[PDB]
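*Asks:* Sharing a structure here in structure tokens format.
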Amino acid sequence: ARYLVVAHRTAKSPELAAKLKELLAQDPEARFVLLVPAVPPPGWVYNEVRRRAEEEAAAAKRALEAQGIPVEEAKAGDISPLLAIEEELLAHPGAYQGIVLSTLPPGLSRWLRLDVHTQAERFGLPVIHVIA
Amino acid sequence: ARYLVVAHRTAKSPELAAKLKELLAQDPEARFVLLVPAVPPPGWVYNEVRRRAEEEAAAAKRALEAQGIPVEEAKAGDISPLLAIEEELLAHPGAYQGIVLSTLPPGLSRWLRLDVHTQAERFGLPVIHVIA
Amino acid sequence: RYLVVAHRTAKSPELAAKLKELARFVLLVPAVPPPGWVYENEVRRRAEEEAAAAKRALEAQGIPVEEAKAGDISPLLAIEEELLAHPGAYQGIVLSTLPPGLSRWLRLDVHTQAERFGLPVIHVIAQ
Amino acid sequence: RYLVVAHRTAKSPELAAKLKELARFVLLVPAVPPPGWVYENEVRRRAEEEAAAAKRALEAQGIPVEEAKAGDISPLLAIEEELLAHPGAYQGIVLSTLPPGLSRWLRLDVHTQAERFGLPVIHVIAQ
Amino acid sequence: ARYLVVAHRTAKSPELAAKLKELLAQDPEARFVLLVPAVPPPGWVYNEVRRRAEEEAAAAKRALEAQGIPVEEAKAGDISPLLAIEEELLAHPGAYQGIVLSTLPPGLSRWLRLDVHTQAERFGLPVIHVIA
Amino acid sequence: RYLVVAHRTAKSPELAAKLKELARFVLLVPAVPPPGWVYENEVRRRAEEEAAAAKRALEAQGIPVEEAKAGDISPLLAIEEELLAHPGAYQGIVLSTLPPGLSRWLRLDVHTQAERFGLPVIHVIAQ
Amino acid sequence: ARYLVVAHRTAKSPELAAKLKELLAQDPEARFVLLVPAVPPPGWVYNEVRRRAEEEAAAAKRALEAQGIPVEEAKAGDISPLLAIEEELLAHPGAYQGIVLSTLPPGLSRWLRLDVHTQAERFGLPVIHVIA
Amino acid sequence: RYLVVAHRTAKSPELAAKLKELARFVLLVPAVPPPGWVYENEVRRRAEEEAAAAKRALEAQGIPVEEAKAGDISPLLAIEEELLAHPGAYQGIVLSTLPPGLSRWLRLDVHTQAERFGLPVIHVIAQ
């Protein structure tokens, strides 16, 4: 029904678009919410941090839309994809039927190095992993 | 053949009913036993505790029946779903061919926070997980 | 300040013995069941009465108890939620379980999983 | 020589207290976010300013800091990458986290996963 | 091709027979070697121990044959099913394309309590788990 | 009171040496195989004779043994079932294994999995 | 699309060839890069070590080609298959859509004893395991 | 008697320092690669020469070495196979690795997985 699409740098990637196009093909009614892990924690030096994160999320949304994908909403979340997912699910329980986790390729992906692809299963939702 | 349906608060949920209706569609002979994790351990202040748990189980059974699901029996078990399953399987070995674990959505579910969905596999029975 | 997680074992000499060896103590009593069809305000009330009774039992052994709190009936969820409520308030957890062969909490591997929060865990076997 | 992993807790008395109990210290500040669409040179610059600010905070507590480095915003990736950059330079890691209930790093089990590198890990809870 | 069928008490069970009959249906050429975990380690009191184990293995073979299953050979192995598998694979590398692990029901099974069903995967062969 | 888990190593000097360093001892002898087609009363009987023989071997080394019990041939199941039978009776487990390279119990990771019950585990390598 | 085929001693095996022939049948365009774990670390006694490893890789390539398999390239990597994969993925991110891990049979395989078949999943690529 | 697992770090002062703090030592040198297409007798020979060279390096630091053995190039397989060959001969393992950031063995989590055999493991970081 509604998918939580977790992506930032891979928002412009053909592979992500292709998977979402596959999900549209099996379900024309499918809705995609882009969750952009971009918010760093508070620091000593720098609202401004959130504003910058919001800008990254909007830029991500536009990149995914330009690929022919309808995007219901883009949200900036914690810079940890695992923390971002946990916190989005807490904020909106029952909104999402699946997670689409979009990563850079092994060898380049920070999230893969952090084992996000397997740890994302602990939440209890189906996880579709896309390599971009 | 016979499914151990583990649910309490989600007994009235359309998603649970739908899955059980799917299981009926593939097997018209399917039988469902509702195991309701509701029994807290002995305390300092409060038979009465069991009686209250039995009341919750019956209420759960009625909620699931009102959804068009035939329910063979409802049992109240340990308030830990994992302990309840272990103890029901011990009490009736070979009665059940599968577990249907019904949880609240991620973000709201206590059982998901406790990793019941993956830990339930250790018993050796197939686990169908339904989010409600 | 120690987070003492106990319910049935609050009266046990082993836990008293351990706390005497050890400071302030807060008693967290996993006793609040999730909402049901027949009975939230009611079950919470009963849980807080349970917490009060456990606190009396511990104090009767000679232990001063700063506060007792009823938490989620899952010790692990109770601890998580107490740490969230009062961050930085505890320097350690004292987990009091029944002995193996009787402990539900041991069967739920509360003793090992309690370490994930980041605090030192002292495990006492009582009764 | 100790690899001190801290950012927000660089000013915390608990970390100072721990380093006083303990030698040379290098401060590794997980603060560099991955490249984005709007802002790499820019975010790195901001991260290095963040690292400098954390170093001042620690030195202000009475701790001499050999060098401060901004690393990947994931403490685990930061540590891995620092060990790769300067192999053999550190005899231990000092991990300073916020308390459970506030710590993102604890939620990410940085405290347990940090042991995989092969070095002794001392965990300090601050604030 | 050739299956290592791990069973002792469940040798006479309809469910085991049924699965092996399913495997015959998809592959008429399928061959079954019954590995019977029955050999205890050396003790203080009691060749005789092995002889007793061999007797149990033969009894198991006859029980499975009486169910209409062709059995190429029965072997008695270490009383630990995990050690028995490891040692049979060491003794005959490449003989087996799969393991069929037959257990008693959860609540009754020693092997399930010992997590044999998931630990058996570490060897690198496909594992079919049958509950009897 | 210690739960001493041993069978073949009951005569070993290493186990004696360890128990001398350490109290009451109960010897749990994993020796009871599950029911079979040819031989339950019979195999139990043989297992209890095995337990008695192991007890004599240990006592012959200078160790007083309160009781010896034959348990399930899986050390882990034996321990679980003994703790269930007599909850609170043991303050610790003494696990005596053959050395690595000969021990079936080590291969079955009994030494690490024994910790799940909640009791302190002392591991002795014998022979 | 492009598969990282991890094999050394099993390069001449019919089972490996058969799987790659299956992959060709579903995708005539499939490309195979043979990664040969053969490079030991620096020692006290013995460029020469690399040269010997390169010789093993070429020999492996020829063995796989003689089986009717097109091989795009053979590379010698770290003697640890896990380290070899990690390092190849780092050197060429996005080159590979899958890993084909070819092992000797359980009972004989060093890589299986080292749990390479399950540990290989941590990289984030699909793993096809072939026993030879 | 200690099983000292080292190859490149056999000359390292850190390992010497550790062995001086500690008895008999056997040096197990993971250096034997599996059979190949071009080169078994040959690669074994080269591995045993490697083992001899590592033994000289260690002895040159002031450590008496009872025997040096070339084992499987996987430290974990080498250890398993040595324990099988000579059961009961070792009371402990001394694992000498390069530092994190250079160690292949650390990347392979040899330091944590070595504990599964049942013996005490002392981990030395060298170079």
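To be explicit about the labels: the chains of the structure tokens are called A, B, and onward in the order shown, and within each one the residues are counted from 1, while ligands get numbers from 1 in the order they are shown.
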Near residue C:3, within 10 Å and counting only C-alpha atoms, which residues show up once chain neighbours fewer than 6 positions away are dropped, as a list in words?

*Replies:*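 Residues near the query, excluding close chain neighbours: residues 24, 25, 26, 27, 28, 68, 79, 82, 83, 89, 90, 91, 92, 93, 94, 95 and 121 of chain C.
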
*Asks:* For a quick test of understanding: name the residues of chain D lying within 9 Å of chain C when counting only C-alpha atoms, and present them as an MDAnalysis selection string.

*Replies:* chainID D and resid 98:102 106:107 109 111:112 123 125:127

*Asks:* Create the file for the chosen residues now, containing N, CA, C and O atoms and written as a PDB file, in the first residue's frame.

*Replies:*
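File selection-v9.pdb, as written:
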```
ATOM      1  N   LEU D  98      26.453   9.959  25.606  1.00  0.00           N
ATOM      2  CA  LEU D  98      25.395  10.500  26.459  1.00  0.00           C
ATOM      3  C   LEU D  98      24.807   9.354  27.294  1.00  0.00           C
ATOM      4  O   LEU D  98      25.143   8.193  27.059  1.00  0.00           O
ATOM      5  N   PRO D  99      23.955   9.662  28.290  1.00  0.00           N
ATOM      6  CA  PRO D  99      23.445   8.509  29.037  1.00  0.00           C
ATOM      7  C   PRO D  99      22.386   7.737  28.242  1.00  0.00           C
ATOM      8  O   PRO D  99      21.780   8.315  27.327  1.00  0.00           O
ATOM      9  N   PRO D 100      22.169   6.438  28.565  1.00  0.00           N
ATOM     10  CA  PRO D 100      21.040   5.729  27.935  1.00  0.00           C
ATOM     11  C   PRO D 100      19.725   6.479  28.143  1.00  0.00           C
ATOM     12  O   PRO D 100      19.487   7.030  29.220  1.00  0.00           O
ATOM     13  N   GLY D 101      18.892   6.507  27.111  1.00  0.00           N
ATOM     14  CA  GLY D 101      17.700   7.336  27.118  1.00  0.00           C
ATOM     15  C   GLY D 101      17.867   8.630  26.349  1.00  0.00           C
ATOM     16  O   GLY D 101      16.876   9.290  26.039  1.00  0.00           O
ATOM     17  N   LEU D 102      19.123   9.004  26.071  1.00  0.00           N
ATOM     18  CA  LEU D 102      19.463  10.178  25.248  1.00  0.00           C
ATOM     19  C   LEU D 102      20.496   9.845  24.171  1.00  0.00           C
ATOM     20  O   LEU D 102      20.526  10.486  23.120  1.00  0.00           O
ATOM     21  N   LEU D 106      24.502   4.781  21.833  1.00  0.00           N
ATOM     22  CA  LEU D 106      24.063   3.575  22.563  1.00  0.00           C
ATOM     23  C   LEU D 106      22.946   2.841  21.819  1.00  0.00           C
ATOM     24  O   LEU D 106      22.922   1.609  21.773  1.00  0.00           O
ATOM     25  N   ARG D 107      22.028   3.599  21.238  1.00  0.00           N
ATOM     26  CA  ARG D 107      20.915   3.014  20.501  1.00  0.00           C
ATOM     27  C   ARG D 107      21.422   2.255  19.281  1.00  0.00           C
ATOM     28  O   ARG D 107      20.788   1.289  18.845  1.00  0.00           O
ATOM     29  N   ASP D 109      24.242   0.708  19.311  1.00  0.00           N
ATOM     30  CA  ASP D 109      25.121  -0.288  19.970  1.00  0.00           C
ATOM     31  C   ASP D 109      26.595  -0.112  19.602  1.00  0.00           C
ATOM     32  O   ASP D 109      27.342  -1.079  19.382  1.00  0.00           O
ATOM     33  N   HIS D 111      28.782   0.965  21.621  1.00  0.00           N
ATOM     34  CA  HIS D 111      29.538   0.501  22.798  1.00  0.00           C
ATOM     35  C   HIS D 111      29.940  -0.967  22.728  1.00  0.00           C
ATOM     36  O   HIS D 111      31.024  -1.341  23.184  1.00  0.00           O
ATOM     37  N   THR D 112      29.080  -1.799  22.148  1.00  0.00           N
ATOM     38  CA  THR D 112      29.422  -3.207  22.003  1.00  0.00           C
ATOM     39  C   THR D 112      30.127  -3.483  20.683  1.00  0.00           C
ATOM     40  O   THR D 112      31.088  -4.246  20.647  1.00  0.00           O
ATOM     41  N   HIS D 123      34.303   2.527  28.130  1.00  0.00           N
ATOM     42  CA  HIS D 123      33.054   3.285  27.920  1.00  0.00           C
ATOM     43  C   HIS D 123      32.687   4.234  29.069  1.00  0.00           C
ATOM     44  O   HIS D 123      32.443   3.785  30.204  1.00  0.00           O
ATOM     45  N   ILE D 125      29.957   7.141  30.396  1.00  0.00           N
ATOM     46  CA  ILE D 125      28.633   7.738  30.266  1.00  0.00           C
ATOM     47  C   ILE D 125      28.672   9.151  30.849  1.00  0.00           C
ATOM     48  O   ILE D 125      28.993   9.348  32.025  1.00  0.00           O
ATOM     49  N   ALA D 126      28.347  10.127  30.008  1.00  0.00           N
ATOM     50  CA  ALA D 126      28.453  11.533  30.367  1.00  0.00           C
ATOM     51  C   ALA D 126      27.131  12.267  30.215  1.00  0.00           C
ATOM     52  O   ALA D 126      26.380  12.000  29.278  1.00  0.00           O
ATOM     53  N   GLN D 127      26.869  13.198  31.135  1.00  0.00           N
ATOM     54  CA  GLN D 127      25.684  14.071  31.110  1.00  0.00           C
ATOM     55  C   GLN D 127      24.402  13.317  31.488  1.00  0.00           C
ATOM     56  O   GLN D 127      24.260  12.825  32.620  1.00  0.00           O
TER      57      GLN D 127
END
```

*Asks:* I need the contact residues of chain F against chain E, so if you could list those with any atom within 12 Å, counting only C-alpha atoms, and return them as an MDAnalysis selection string, that would help.

*Replies:* chainID F and resid 6:11 29:39 43 45:57 72:78 80:81 98 102:110 113

*Asks:* What is the atom CA of residue E:93-atom CA of residue G:128 distance in Å, reported with one decimal?

*Replies:*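 Rounded to one decimal, the two atoms are 20.3 Å apart.
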
*Asks:* Matching every Cα in sequence order between the two identical chains, what are the coordinates of chain G once fitted onto chain E? Write them as a PDB file with C-alpha atoms, in the first residue's frame.

*Replies:*
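Ended up saving to part.pdb:
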```
ATOM      1  CA  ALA G   1      20.091 -37.021  -5.574  1.00  0.00           C
ATOM      2  CA  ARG G   2      21.078 -38.641  -2.245  1.00  0.00           C
ATOM      3  CA  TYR G   3      19.569 -37.443   1.032  1.00  0.00           C
ATOM      4  CA  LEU G   4      20.938 -37.814   4.545  1.00  0.00           C
ATOM      5  CA  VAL G   5      17.824 -38.565   6.560  1.00  0.00           C
ATOM      6  CA  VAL G   6      18.439 -37.825  10.243  1.00  0.00           C
ATOM      7  CA  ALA G   7      15.915 -39.668  12.431  1.00  0.00           C
ATOM      8  CA  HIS G   8      15.587 -42.220  15.204  1.00  0.00           C
ATOM      9  CA  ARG G   9      12.321 -42.163  17.171  1.00  0.00           C
ATOM     10  CA  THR G  10      10.420 -40.651  14.210  1.00  0.00           C
ATOM     11  CA  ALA G  11      11.453 -43.444  11.799  1.00  0.00           C
ATOM     12  CA  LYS G  12       7.897 -44.883  11.965  1.00  0.00           C
ATOM     13  CA  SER G  13       6.173 -41.500  11.513  1.00  0.00           C
ATOM     14  CA  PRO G  14       3.711 -40.831   8.634  1.00  0.00           C
ATOM     15  CA  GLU G  15       5.000 -37.261   8.208  1.00  0.00           C
ATOM     16  CA  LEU G  16       8.566 -38.412   7.524  1.00  0.00           C
ATOM     17  CA  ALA G  17       7.317 -41.044   5.067  1.00  0.00           C
ATOM     18  CA  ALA G  18       5.123 -38.403   3.378  1.00  0.00           C
ATOM     19  CA  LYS G  19       8.021 -35.991   2.869  1.00  0.00           C
ATOM     20  CA  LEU G  20      10.239 -38.744   1.473  1.00  0.00           C
ATOM     21  CA  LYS G  21       7.316 -39.729  -0.792  1.00  0.00           C
ATOM     22  CA  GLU G  22       7.148 -36.088  -1.908  1.00  0.00           C
ATOM     23  CA  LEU G  23      10.901 -36.205  -2.672  1.00  0.00           C
ATOM     24  CA  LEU G  24      10.403 -39.431  -4.642  1.00  0.00           C
ATOM     25  CA  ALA G  25       7.560 -37.793  -6.589  1.00  0.00           C
ATOM     26  CA  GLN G  26       9.812 -34.909  -7.707  1.00  0.00           C
ATOM     27  CA  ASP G  27      12.783 -37.253  -8.203  1.00  0.00           C
ATOM     28  CA  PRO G  28      12.051 -40.998  -8.754  1.00  0.00           C
ATOM     29  CA  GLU G  29      15.811 -41.623  -8.573  1.00  0.00           C
ATOM     30  CA  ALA G  30      16.176 -40.181  -5.004  1.00  0.00           C
ATOM     31  CA  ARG G  31      18.226 -42.257  -2.524  1.00  0.00           C
ATOM     32  CA  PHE G  32      17.883 -42.141   1.272  1.00  0.00           C
ATOM     33  CA  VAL G  33      20.557 -42.904   3.855  1.00  0.00           C
ATOM     34  CA  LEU G  34      19.221 -43.089   7.388  1.00  0.00           C
ATOM     35  CA  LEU G  35      21.601 -41.586   9.955  1.00  0.00           C
ATOM     36  CA  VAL G  36      20.520 -42.630  13.450  1.00  0.00           C
ATOM     37  CA  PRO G  37      21.973 -40.557  16.290  1.00  0.00           C
ATOM     38  CA  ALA G  38      22.326 -43.340  18.864  1.00  0.00           C
ATOM     39  CA  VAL G  39      26.002 -43.759  19.880  1.00  0.00           C
ATOM     40  CA  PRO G  40      26.777 -42.462  23.378  1.00  0.00           C
ATOM     41  CA  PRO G  41      30.388 -41.594  24.280  1.00  0.00           C
ATOM     42  CA  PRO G  42      32.687 -44.023  26.201  1.00  0.00           C
ATOM     43  CA  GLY G  43      31.907 -44.479  29.907  1.00  0.00           C
ATOM     44  CA  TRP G  44      33.143 -46.253  33.046  1.00  0.00           C
ATOM     45  CA  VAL G  45      30.820 -49.260  32.989  1.00  0.00           C
ATOM     46  CA  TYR G  46      29.886 -50.234  29.410  1.00  0.00           C
ATOM     47  CA  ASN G  47      31.889 -52.628  21.345  1.00  0.00           C
ATOM     48  CA  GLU G  48      28.740 -53.450  23.339  1.00  0.00           C
ATOM     49  CA  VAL G  49      27.596 -49.800  23.232  1.00  0.00           C
ATOM     50  CA  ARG G  50      28.192 -49.719  19.453  1.00  0.00           C
ATOM     51  CA  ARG G  51      26.419 -53.057  19.006  1.00  0.00           C
ATOM     52  CA  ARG G  52      23.353 -51.692  20.836  1.00  0.00           C
ATOM     53  CA  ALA G  53      23.449 -48.552  18.676  1.00  0.00           C
ATOM     54  CA  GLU G  54      23.705 -50.703  15.492  1.00  0.00           C
ATOM     55  CA  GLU G  55      20.600 -52.610  16.722  1.00  0.00           C
ATOM     56  CA  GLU G  56      18.707 -49.325  17.126  1.00  0.00           C
ATOM     57  CA  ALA G  57      19.736 -48.239  13.616  1.00  0.00           C
ATOM     58  CA  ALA G  58      18.547 -51.495  12.050  1.00  0.00           C
ATOM     59  CA  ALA G  59      15.262 -51.250  13.946  1.00  0.00           C
ATOM     60  CA  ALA G  60      14.917 -47.695  12.639  1.00  0.00           C
ATOM     61  CA  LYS G  61      15.614 -48.839   9.062  1.00  0.00           C
ATOM     62  CA  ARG G  62      12.922 -51.544   9.275  1.00  0.00           C
ATOM     63  CA  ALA G  63      10.410 -49.027  10.671  1.00  0.00           C
ATOM     64  CA  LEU G  64      11.011 -46.644   7.765  1.00  0.00           C
ATOM     65  CA  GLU G  65      10.928 -49.462   5.159  1.00  0.00           C
ATOM     66  CA  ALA G  66       7.565 -50.717   6.499  1.00  0.00           C
ATOM     67  CA  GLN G  67       6.206 -47.286   5.562  1.00  0.00           C
ATOM     68  CA  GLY G  68       6.931 -47.880   1.858  1.00  0.00           C
ATOM     69  CA  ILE G  69      10.217 -45.961   1.798  1.00  0.00           C
ATOM     70  CA  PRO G  70      13.277 -47.429   0.086  1.00  0.00           C
ATOM     71  CA  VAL G  71      16.287 -47.053   2.414  1.00  0.00           C
ATOM     72  CA  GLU G  72      19.750 -47.471   0.912  1.00  0.00           C
ATOM     73  CA  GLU G  73      21.538 -47.902   4.237  1.00  0.00           C
ATOM     74  CA  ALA G  74      21.158 -47.113   7.925  1.00  0.00           C
ATOM     75  CA  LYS G  75      24.096 -45.917  10.014  1.00  0.00           C
ATOM     76  CA  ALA G  76      24.344 -45.331  13.754  1.00  0.00           C
ATOM     77  CA  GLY G  77      26.160 -42.096  14.581  1.00  0.00           C
ATOM     78  CA  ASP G  78      26.972 -39.885  17.610  1.00  0.00           C
ATOM     79  CA  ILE G  79      24.002 -39.417  19.934  1.00  0.00           C
ATOM     80  CA  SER G  80      24.246 -35.666  19.146  1.00  0.00           C
ATOM     81  CA  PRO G  81      22.507 -35.190  15.798  1.00  0.00           C
ATOM     82  CA  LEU G  82      24.808 -32.220  15.069  1.00  0.00           C
ATOM     83  CA  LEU G  83      27.955 -34.257  15.769  1.00  0.00           C
ATOM     84  CA  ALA G  84      26.546 -37.225  13.805  1.00  0.00           C
ATOM     85  CA  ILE G  85      25.949 -35.046  10.709  1.00  0.00           C
ATOM     86  CA  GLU G  86      29.369 -33.382  10.899  1.00  0.00           C
ATOM     87  CA  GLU G  87      31.054 -36.785  11.211  1.00  0.00           C
ATOM     88  CA  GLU G  88      29.054 -38.453   8.415  1.00  0.00           C
ATOM     89  CA  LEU G  89      29.832 -35.525   6.073  1.00  0.00           C
ATOM     90  CA  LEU G  90      33.514 -35.802   6.997  1.00  0.00           C
ATOM     91  CA  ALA G  91      33.476 -39.556   6.337  1.00  0.00           C
ATOM     92  CA  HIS G  92      31.701 -39.193   2.959  1.00  0.00           C
ATOM     93  CA  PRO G  93      32.159 -35.724   1.409  1.00  0.00           C
ATOM     94  CA  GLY G  94      29.972 -35.165  -1.675  1.00  0.00           C
ATOM     95  CA  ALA G  95      27.772 -38.212  -1.010  1.00  0.00           C
ATOM     96  CA  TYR G  96      24.796 -36.070   0.064  1.00  0.00           C
ATOM     97  CA  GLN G  97      22.941 -33.263  -1.717  1.00  0.00           C
ATOM     98  CA  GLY G  98      20.591 -32.560   1.202  1.00  0.00           C
ATOM     99  CA  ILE G  99      19.744 -33.230   4.824  1.00  0.00           C
ATOM    100  CA  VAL G 100      16.255 -34.307   5.849  1.00  0.00           C
ATOM    101  CA  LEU G 101      16.029 -33.596   9.567  1.00  0.00           C
ATOM    102  CA  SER G 102      13.129 -35.394  11.181  1.00  0.00           C
ATOM    103  CA  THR G 103      12.096 -34.151  14.616  1.00  0.00           C
ATOM    104  CA  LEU G 104       9.434 -34.867  17.203  1.00  0.00           C
ATOM    105  CA  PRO G 105       6.958 -31.985  17.658  1.00  0.00           C
ATOM    106  CA  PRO G 106       7.957 -28.769  19.474  1.00  0.00           C
ATOM    107  CA  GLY G 107       7.132 -29.372  23.109  1.00  0.00           C
ATOM    108  CA  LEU G 108       8.498 -32.914  22.910  1.00  0.00           C
ATOM    109  CA  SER G 109      11.610 -32.657  20.734  1.00  0.00           C
ATOM    110  CA  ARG G 110      15.040 -32.725  22.330  1.00  0.00           C
ATOM    111  CA  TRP G 111      16.680 -31.766  19.019  1.00  0.00           C
ATOM    112  CA  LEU G 112      14.421 -28.705  18.649  1.00  0.00           C
ATOM    113  CA  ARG G 113      15.269 -27.650  22.218  1.00  0.00           C
ATOM    114  CA  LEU G 114      18.914 -27.921  21.173  1.00  0.00           C
ATOM    115  CA  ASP G 115      18.259 -25.798  18.076  1.00  0.00           C
ATOM    116  CA  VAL G 116      19.401 -28.601  15.767  1.00  0.00           C
ATOM    117  CA  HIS G 117      16.985 -27.379  13.038  1.00  0.00           C
ATOM    118  CA  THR G 118      18.802 -24.092  12.599  1.00  0.00           C
ATOM    119  CA  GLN G 119      22.309 -25.201  13.589  1.00  0.00           C
ATOM    120  CA  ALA G 120      22.191 -27.954  10.922  1.00  0.00           C
ATOM    121  CA  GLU G 121      22.447 -25.193   8.265  1.00  0.00           C
ATOM    122  CA  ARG G 122      26.075 -24.396   9.181  1.00  0.00           C
ATOM    123  CA  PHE G 123      27.383 -27.405   7.224  1.00  0.00           C
ATOM    124  CA  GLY G 124      26.547 -25.867   3.866  1.00  0.00           C
ATOM    125  CA  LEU G 125      23.894 -28.356   2.680  1.00  0.00           C
ATOM    126  CA  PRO G 126      20.187 -27.651   2.133  1.00  0.00           C
ATOM    127  CA  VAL G 127      18.128 -28.719   5.161  1.00  0.00           C
ATOM    128  CA  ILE G 128      14.567 -29.984   4.909  1.00  0.00           C
ATOM    129  CA  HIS G 129      12.959 -30.005   8.358  1.00  0.00           C
ATOM    130  CA  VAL G 130      10.076 -32.412   9.003  1.00  0.00           C
ATOM    131  CA  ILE G 131       7.977 -32.413  12.174  1.00  0.00           C
ATOM    132  CA  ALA G 132       6.623 -35.806  13.191  1.00  0.00           C
TER     133      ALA G 132
END
```

*Asks:* Could you write out, as a VMD selection string, all the residues of chain H that DSSP marks as strand (DSSP E)?

*Replies:* chain H and resid 2 to 5 25 to 32 67 to 72 92 to 97 121 to 125

*Asks:* What separation in Å, quoted to one decimal, exists between atom CA of residue H:124 and atom CA of residue D:4?

*Replies:*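 According to the coordinates, atom CA of residue H:124 and atom CA of residue D:4 are separated by 21.1 Å.
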
*Asks:* To one decimal in Å, tell me the separation between atom CA of residue C:15 and atom CA of residue C:2.

*Replies:*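 Interatomic distance, atom CA of residue C:15 to atom CA of residue C:2: 12.9 Å.
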
*Asks:* As a PyMOL selection string, please: every residue in chain D that a backbone DSSP assignment puts in helix (DSSP H, G or I).

*Replies:* chain D and resi 8-11+13-21+41-59+75-85+104-107+110-117
